[PDB]
Amino acid sequence: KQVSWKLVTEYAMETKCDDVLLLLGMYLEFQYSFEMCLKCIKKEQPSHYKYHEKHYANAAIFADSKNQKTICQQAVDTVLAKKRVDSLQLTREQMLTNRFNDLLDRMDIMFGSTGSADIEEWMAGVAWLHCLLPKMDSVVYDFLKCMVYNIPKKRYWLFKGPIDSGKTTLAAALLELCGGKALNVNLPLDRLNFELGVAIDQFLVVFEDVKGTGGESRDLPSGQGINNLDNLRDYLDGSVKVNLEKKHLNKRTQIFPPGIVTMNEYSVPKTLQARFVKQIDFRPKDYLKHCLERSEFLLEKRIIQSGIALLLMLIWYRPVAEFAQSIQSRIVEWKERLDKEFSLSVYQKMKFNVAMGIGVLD
Amino acid sequence: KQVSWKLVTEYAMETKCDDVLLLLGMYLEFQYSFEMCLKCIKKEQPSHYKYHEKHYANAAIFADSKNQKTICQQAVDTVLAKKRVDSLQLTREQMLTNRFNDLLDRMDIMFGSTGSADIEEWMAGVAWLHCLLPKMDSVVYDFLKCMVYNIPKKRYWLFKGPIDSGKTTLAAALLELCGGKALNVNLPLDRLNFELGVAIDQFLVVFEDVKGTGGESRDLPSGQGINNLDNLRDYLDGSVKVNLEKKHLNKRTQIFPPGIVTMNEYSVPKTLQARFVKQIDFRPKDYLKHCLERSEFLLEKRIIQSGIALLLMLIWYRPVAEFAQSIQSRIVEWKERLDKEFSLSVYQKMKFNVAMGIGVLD
Amino acid sequence: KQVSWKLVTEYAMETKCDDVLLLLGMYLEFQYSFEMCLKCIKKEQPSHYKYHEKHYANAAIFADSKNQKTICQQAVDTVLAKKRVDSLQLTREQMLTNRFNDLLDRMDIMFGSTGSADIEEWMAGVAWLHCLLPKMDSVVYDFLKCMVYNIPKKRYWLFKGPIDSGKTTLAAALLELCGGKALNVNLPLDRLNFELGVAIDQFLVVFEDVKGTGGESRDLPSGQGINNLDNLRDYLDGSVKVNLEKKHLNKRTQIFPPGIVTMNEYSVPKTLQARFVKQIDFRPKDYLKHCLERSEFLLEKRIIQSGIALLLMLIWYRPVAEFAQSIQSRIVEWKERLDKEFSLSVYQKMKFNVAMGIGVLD
Amino acid sequence: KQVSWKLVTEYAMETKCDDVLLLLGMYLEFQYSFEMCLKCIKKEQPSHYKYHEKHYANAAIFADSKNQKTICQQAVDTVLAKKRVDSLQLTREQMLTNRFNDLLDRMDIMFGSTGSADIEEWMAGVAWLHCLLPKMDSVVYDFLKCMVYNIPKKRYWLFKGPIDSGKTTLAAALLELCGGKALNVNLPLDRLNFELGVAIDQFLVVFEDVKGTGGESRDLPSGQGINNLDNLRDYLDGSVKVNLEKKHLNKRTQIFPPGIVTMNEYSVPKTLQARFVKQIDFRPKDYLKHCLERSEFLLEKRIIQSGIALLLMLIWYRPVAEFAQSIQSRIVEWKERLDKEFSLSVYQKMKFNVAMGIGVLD
Amino acid sequence: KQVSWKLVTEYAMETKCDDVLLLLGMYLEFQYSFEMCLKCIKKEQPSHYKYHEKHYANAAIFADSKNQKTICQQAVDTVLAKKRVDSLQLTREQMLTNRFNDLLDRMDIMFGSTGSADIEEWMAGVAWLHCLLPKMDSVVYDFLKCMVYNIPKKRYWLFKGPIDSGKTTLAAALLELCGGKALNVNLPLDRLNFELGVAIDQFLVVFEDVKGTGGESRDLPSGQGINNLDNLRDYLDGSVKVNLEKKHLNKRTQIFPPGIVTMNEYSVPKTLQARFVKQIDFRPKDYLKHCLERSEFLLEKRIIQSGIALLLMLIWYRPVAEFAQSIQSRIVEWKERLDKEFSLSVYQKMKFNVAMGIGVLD
DNA sequence: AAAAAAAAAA
DNA sequence: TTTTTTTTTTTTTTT
Ligand SMILES: Nc1ncnc2c1ncn2[C@@H]1O[C@H](COP(=O)(O)OP(=O)(O)NP(=O)(O)O)[C@@H](O)[C@H]1O
Ligand SMILES: Nc1ncnc2c1ncn2[C@@H]1O[C@H](COP(=O)(O)OP(=O)(O)NP(=O)(O)O)[C@@H](O)[C@H]1O
Ligand SMILES: Nc1ncnc2c1ncn2[C@@H]1O[C@H](COP(=O)(O)OP(=O)(O)NP(=O)(O)O)[C@@H](O)[C@H]1O
Ligand SMILES: Nc1ncnc2c1ncn2[C@@H]1O[C@H](COP(=O)(O)OP(=O)(O)NP(=O)(O)O)[C@@H](O)[C@H]1O
Ligand SMILES: Nc1ncnc2c1ncn2[C@@H]1O[C@H](COP(=O)(O)OP(=O)(O)NP(=O)(O)O)[C@@H](O)[C@H]1O
Ligand SMILES: [Mg+2]
Ligand SMILES: [Mg+2]
Ligand SMILES: [Mg+2]
Ligand SMILES: [Mg+2]
């Protein structure tokens, strides 16, 4: 009997593999007899134990096949095809709702019986993040609205401030919450062309720690990053479709995604400042630093960087009526869960602990 | 049974699908039965609900196929071949007439009972756009005439003015009305051959926010753009055929499209000014800014940069005899629809509100 | 039943089609039955209505085939192979005679019952174009003599003059008269490889706008152009073969074609200038500008740029003995036809109108 | 009978072979009959004598086959697929435990009856290494734990010190112990992309002697290293997934490995210093120099550079409980072997010897 | 019946086609029936009329083939393989003997019964070339011997003299006879290494117009050629193999080819002078100056710069025994053709006329 | 070399 | 017609 190419494509669609080698490796694991397999007995990785029993019959025939990478490439092309359909056909609020469901699925595994995560530690991350900027929940919601509305010159936010002020921390958390890519535009213009091609069909880009000039009076070393962004100001506007490029593929024409620019206090040209709708001035705080070294699980488990921490913040602080109709059902359930496991008094003591620089759980 | 490559060519041709991954994605959605399909029920996308019932039988066989991307490649090659033939064989009047028919089809769906667009909001777009440049309806007709009369060396228009003056706004509207591609020539000169290759068989190009050398007082960052356009000088002239590159394809040779250059008050060489038949000076106006702040639907729905806003402007202001004979009958219907839904007095109140800087609809 | 690949190759040879997508586009239009075919009934395009009835039966089978672009590649390669053979085999007067013969075929369909041109406008172009230089008929006979004789180190002519001097209008007409290609050599020297590849099997190349060095005293931007040409000095001399790379293919070696350099008043190094045969100093005239201004049809119909206008000028001025003995059979027919259209009086009158700076007509 | 592609993939997996030509050469060795095979009788290389008898039947049929590289490519693709699966799915503690197992498998061969090496020479390495830096066993355990926890922005170490001070010695030993590659960030900034592409799927990286711009007054050569490294801030941070590229391969998105920066006493900008957890001030020891001059087998055998000498240090000094529970069995066996072969007095004498700069083994 | 790929390969080997399109194009011309076709009847191209007769049957079946480019590619690959075997395995005498045979067969086409070239003008070329130096036939014959023997040190010749002394004329004639290439060593040292890469696999190289440094006390432009060339000592001597690199390609090792230095009369250092075996003082001759003007067809068809003109000089002046035994039969035929058309008295009169400045050939 | 685009075998 | 094998370019290097 022949290998079903349909079942490989179905597995790739269910797990959302863009990576042809990862799909090959995953599916080859399904060779071995389901009745005994240690990974399913451990329930180690969910993209295995949920799928092995279904795919075992096909994976045994797949292992005999002489064209295995051709099968996996078609399956990856089917996942890339659906992603390009979704980008052109979904409303941008549907795209965010789809990302929130994927994060809520990940939360259901993390905080259940199987998962390692302790919501007490993750909500301590919510408390630490809510102390970073004034009215942080409103900041997050206003960012989401901006990324959803995609208003044709009002699409980018600027994060500015010293070393260890929290810019990359909040940017990486918003990058996981919305989904997107990080781009390093400090590299020279002849390689920059392929860096920008990583934005093809993405929801956000974050331009991380871009360097200007005129910094040596502050011992900030100069670089080309801000001169590179001002050559790309066509891409930051998003009024017209730009032509993105990746190796061997012909150019794709699209509106370049919304995003965040993070920098130290270099000077920004007025032409580029015109592209940024809002600037957030991050300031280092002594108590946030003292709190983190007494609360090291926040850094080790990467809680303060995680989109799941900002999503928990939105669940805790925002009204139900702000979420899209599809997720409001799951959101109401998560609000009940947080009010069951924390009183307001535990959370208010967590924020008091942060302001004192004491360990968040103390 | 057997997969029909012909039917995929029909769907690609009717959808006018240039992208192999988009065609693959869309056609695979037809594999599910149209008796239950929620997107046929909801009628969310016209590229689906019109076609699914016809293509279900073939999409079920396509989903079992091992050739899937090869089937899609030939269909896409047929759509690109149809554009090649049209680009050589049609007069520029007929090419523009076809683009107007395509926009009028889209207007019918958009302003019909199935559609989401309030015609009153888009006619407020016509009012805002008409206040940007004096005699803008004549500017638009003069531009269309200029792009149809592909007169060598009298082919390109220059847009000049400060930050937030309207250059990108109007160029983006003309780009959608006429059809064309935006090009960035601020990137370095070794890489531009593949940027210029996007102009193959396009009706217009727009060279967007290109940067001058010098002029670093006034805080304008210098860049290669204007020198790169003084290079490439025969591309702008269009007396001679230029040679254009796509990856894995031989050098296509054609007269490079006419177009617009938008730039931010840099100094232009006399050699390059000799290529531009008309310069438009965009000037920032306080009342347009305050009008937009109070009538934000214009930016959220992207009305003021849409080709449909300019097409509605031409339908309102130009006499029918200036449109092509084939499209007269459809345009008389639209003039009747606008005069039915709008008096002149409602529209003159809209223009009065724009000059007042209050909300255009108030 | 099978496709005849030989009928597709016969169509490509008949129409001299060397673009693979254009051949696919053209031949697919034959799949509809010719008896109701509007494009045949209207006789719009000769490349369709001549051939549809013959190729219909094969195009129906071709439309069902699964390897359509392979069939077209072989047909295109047959046409490119003929162009390659005739480039190496033909005596260089037969090359120019062949090029005249299908310019005369092109004229014969322009001015016929299905025609779309006025001989008075095209001869008004001849009258205008004859004014541009002293004894223009002798100059074009000198140029064509140089291009057929192709004497080593005596192969190129230099056109210099300020803005709007006529050098591109004449080079573009000579380009169409000989059927060369225009090469932009202002790109970086390491990336001219595929652009010089366009010169393979051509009769001329025109170096439109080679930017020089030291133009600042004249407000002329500098660039790589002249220094690239001086690094191509062996290509200009033509004493040795050069190795030209073009894609889907191995490299072709040939003596590089002769040609024209057009140049806006830059400083030129003696090592370059010393090996052009003749420099023509173009300069503007007030009466030509007012004449073109008062007779817009010349520009709109591309008359003054056209090698058909220069070919008509050769009919009107040169003895019948100058043309090749084989083409004289067509030249003598056009000779009597132009006398039948125009007396010397109306020609001299329009020569006077040009000299008076009034509209060339009447 | 047909060739088993499965048995080749099995050989590739058991050998961990990811070079197509090496796999082809290795499997072609097996075609010659087992009973006669001189490589099996001499027990030359374990990758042959273990596997030949099993694969001879298949290798004879492989040696006749016409698609030998296609067979090996799939087998190499299967090994690379497992590497990419394990890269995403393992915890970093398991990655390090798998590396320690592969090292202990090497140690079995090195110090066994067939082995080629003397434990006393290698343990003299442990004594020389422990004297290089104070509390070296804690420094190495703290390093392992730092690379395993991978705390963002708290995950690179700085090895700073003058000429000949042991930096590259310890870095090479740590790089073999953990696995990883060295990077030369001093290259011109265009090359930097393909340098950084070496970090793909690696557990560590080391930046070997990054040169700065300062310190000409202390006789340190200027270079671009520190300036290039400060462009890579987000690569050192590890908060965001950076987009690495190899030659011709498309961009792969991952968290950049943690690691070590080695440099002479150039000045470090505060933005780059803020990304290093620990500065280890390496300084030259008179006694280590006089010791190596009289114990040169350490250099000849490459003992002090080797991760096996650092692993022996960890087996000697650290409690059993600090190792992963999977490998504790082997660690306990190796502690008993070391206590059997070396009295503490033998090791004490070695350290007293190197402290005096006497030959370690005296 | 099936196409013989062997007959296509045989045609390519007998025509020496490196070119896949030229092979395809010529072979398709054989598809027409031999009894009637015009190119045969004209006897115009020997690469057709010799071969069409036998290849007709194969070309008819080849015209129906679907593989046409694949067949020609294999045939061309055989001719390239033939060249690479000959390149590595021939003696240097055989390489020159093959160049001679190709030139004699090219001569026999030019001068035969179906000829196209006036043997008297080419013999006036011999008379003008012989007058350029004392004992020119000994200069030519000894130079050929030097390049053939390729003796270390005794390997380069210095062509020195005033401006307009014929130095580049004679070097160009020797290049075409021996099959070399020309180099520009004047460049600053940076790009010199890619310039030396021109020499890979060439038989002979010429250093064209080597500018010296010290001469500009006179009108001689000071340049770096001599001091560059002094440093290239190992390339000149040819004792040891040197690395050569073509752009974008890896280095190859070979003995750098023998050659000529062409110089204006700069001072030469003693160390460079030792590496030339002979210096030729070219001097200006007024009677040759006036002879050129009175005979200019020599320049118009470059007879006095063609390799065939020097080969005619060797055929006229040198004995049969000095030519290679393989070619002596064709040389005896060619000697008799010159003897029967030119008496020594008529040829001596040509030399006398040249010596008198009489350009008339008589 | 690695991939995209393209052609041959049974 | 189903299934496997082949060619060529891009990229990279270069400036
Ligand atoms: N506001 C803050 N006050 C004190 N410590 C902070 C703050 N924000 C972040 N940190 C600490 O600094 C580390 C790095 O934060 P990060 O967001 O990368 O700083 P940043 O503003 O991006 N600095 P940089 O990227 O170097 O300009 C975090 O892991 C925290 O330990
Ligand atoms: N003439 C105008 N006066 C005031 N506001 C305007 C005007 N035109 C446009 N705007 C505002 O400017 C925004 C951007 O316009 P846009 O056409 O992109 O500017 P521009 O002239 O291209 N500036 P820039 O691209 O930076 O050179 C619009 O979204 C409006 O909010
Ligand atoms: N001798 C002339 N005097 C005045 N106008 C002229 C003359 N020749 C041409 N023109 C006008 O100049 C326009 C462009 O001529 P063209 O030969 O393309 O310019 P040019 O000299 O090449 N300019 P440039 O390419 O910038 O050097 C034509 O379309 C005419 O309108
Ligand atoms: N701490 C030390 N004191 C004295 N000699 C040492 C020390 N460590 C190493 N050596 C010797 O120095 C040699 C080079 O050591 P290595 O670790 O490569 O130096 P390094 O610090 O990397 N030098 P550099 O790379 O120039 O900064 C070793 O082979 C030893 O012979
Ligand atoms: N003895 C002679 N005296 C003067 N002119 C001559 C003589 N012999 C030949 N010529 C002509 O000299 C011209 C230039 O010679 P050529 O060899 O091209 O330059 P050259 O001698 O290399 N000068 P240069 O390159 O500046 O060193 C040719 O066109 C010859 O026809
Ligand atoms: Mg940062
Ligand atoms: Mg703009
Ligand atoms: Mg011009
Ligand atoms: Mg070192």
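Residues numbered from 1 in each chain as written, not as in the entry; some residues may be left out. Chains lettered and ligands numbered in written order. Part of a larger assembly, values for the part shown. Heavy atoms only, no water.

- Chain A appears in the PDB entry as Large T antigen from Betapolyomavirus macacae.
- Listed in the archive, the entry goes by the title "CryoEM structure of LTag bound to SV40 AT half origin DNA".
- Recorded in UniProt for chain A, the comment headed Subcellular location runs: "Host nucleus". (UniProt positions renumbered as here; feature names shortened; annotations may be inferred.)

1. Looking at the sheet that holds strand β3 (residues 204-207) of chain D
Residues and elements named next belong to chain D.
Link 1 in the chain: Spatially, five strands are ordered β2-β3-β6-β1-β7 in an open sheet, and the strand pairing comes out parallel. Because the sheet does not close on itself, it has two edges, and the strands there are β2 (180-183) and β7 (276-281). Between one strand and the next, the sheet's axes are offset by a mean angle of 20 degrees, whatever the strand orientation.
Link 2 in the chain: One ladder, built from five bridges, connects strand β1 (residues 156-160) with β7; its direction is parallel. If you follow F159 over to β7, its bridge partner there is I280. (Pairing = 2+ DSSP bridges. Helix = DSSP H or I, 4+ residues; strand = E, 2+ residues; numbered from the N terminus. Axes fitted to C-alpha atoms, helices over the stretch in contact; angles between N-to-C directions.)

2. Focus: the coordination of the magnesium ion (ligand 6)
Residues and elements named next belong to chain A.
Link 1 in the chain: On the protein side, the magnesium ion (ligand 6) has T168 (OG1), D209 (OD) and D209 (OD) as donor atoms, found 2.0 to 2.1 Å from it. With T168 in helix α10 (residues 167-178) and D209 in the loop between β3 (204-207) and α12 (225-231), this pair connects stretches of sequence that are 41 residues apart. Residue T168 shares its accessibility class with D209, and that shared class is buried. (Donors = N, O, S within 2.8 Å, 3.2 Å for Na, K, Ca; no water. Buried < 20%, exposed > 50% of the residue type's maximum accessible area, 1.4 Å probe, protein only.)

3. Focus on the interface of chain B and chain A
Link 1 in the chain: With 52 residues of chain B in contact, the opposing surface of chain A contributes 51 residues.
Link 2 in the chain: When chain B packs against chain A, the two sides together hide about 4400 Å² of surface, and 52% of this comes from carbon and sulfur.
Link 3 in the chain: Across the salt bridge formed by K251 of chain A and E195 of chain B, the nearest N and O atoms sit 2.7 Å from each other.
Link 4 in the chain: The interface formed by chain B and chain A contains 22 residue pairs in polar contact.
Link 5 in the chain: When residues of the side of chain B that touches chain A are traced back to their parent elements, those giving at least two are α2 (20-29), α6 (68-89), α10 (167-178), β2 (180-183), α11 (192-196) and α16 (297-300) of chain B.
Link 6 in the chain: Classifying every residue of the side of chain B that touches chain A gives 19 nonpolar, twelve polar and 21 charged. (Contact = heavy atoms within 4.5 Å. Buried area = accessible area lost by both parts, 1.4 Å probe. Salt bridge = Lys/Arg side-chain N within 4 Å of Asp/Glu carboxyl O. Polar contact = N/O pair within 3.5 Å; in protein donor to acceptor, adjacent residues only side chain to side chain. Nonpolar A, V, L, I, M, F, W, Y, C, P; charged D, E, K, R; others polar.)

4. What to know about the interface of chain B and chain C
Link 1 in the chain: Taken residue by residue, the interface counts 43 residues in chain B and 47 residues in chain C.
Link 2 in the chain: Together, the buried faces of chain B and chain C total about 4100 Å²; carbon and sulfur atoms form 54% of this surface.
Link 3 in the chain: Taken together, chain B and chain C are joined by eight salt bridges.
Link 4 in the chain: The partner of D164 of chain C in a salt bridge is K153 of chain B, and the shortest N-O contact between them spans 2.8 Å.
Link 5 in the chain: At the boundary of chain B with chain C, the tally comes to 17 residue pairs in polar contact.
Link 6 in the chain: In terms of residue class, the side of chain B that touches chain C is built from 16 nonpolar, twelve polar and 15 charged.

5. A short note on the protein's contact with DNA strand G
Link 1 in the chain: The full set close to DNA strand G counts 29 residues, and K247 and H248 of chain C, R191 and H248 of chain D together with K247 of chain E are the nearest of them.
Link 2 in the chain: Counting only atoms of DNA strand G within 4 Å of the protein, the fraction found in sugar and phosphate groups is 84%.
Link 3 in the chain: Here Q2 of chain A contributes a side-chain N or O atom positioned 2.9 Å from a phosphate oxygen of DNA strand G.
Link 4 in the chain: In the model, a base oxygen of DNA strand G is placed 2.9 Å from a nitrogen or oxygen of the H248 of chain E side chain.
Link 5 in the chain: Among the residues making up the surface near DNA strand G, the classes are represented as four nonpolar, eleven polar and 14 charged. (Near = heavy atom within 4 Å.)

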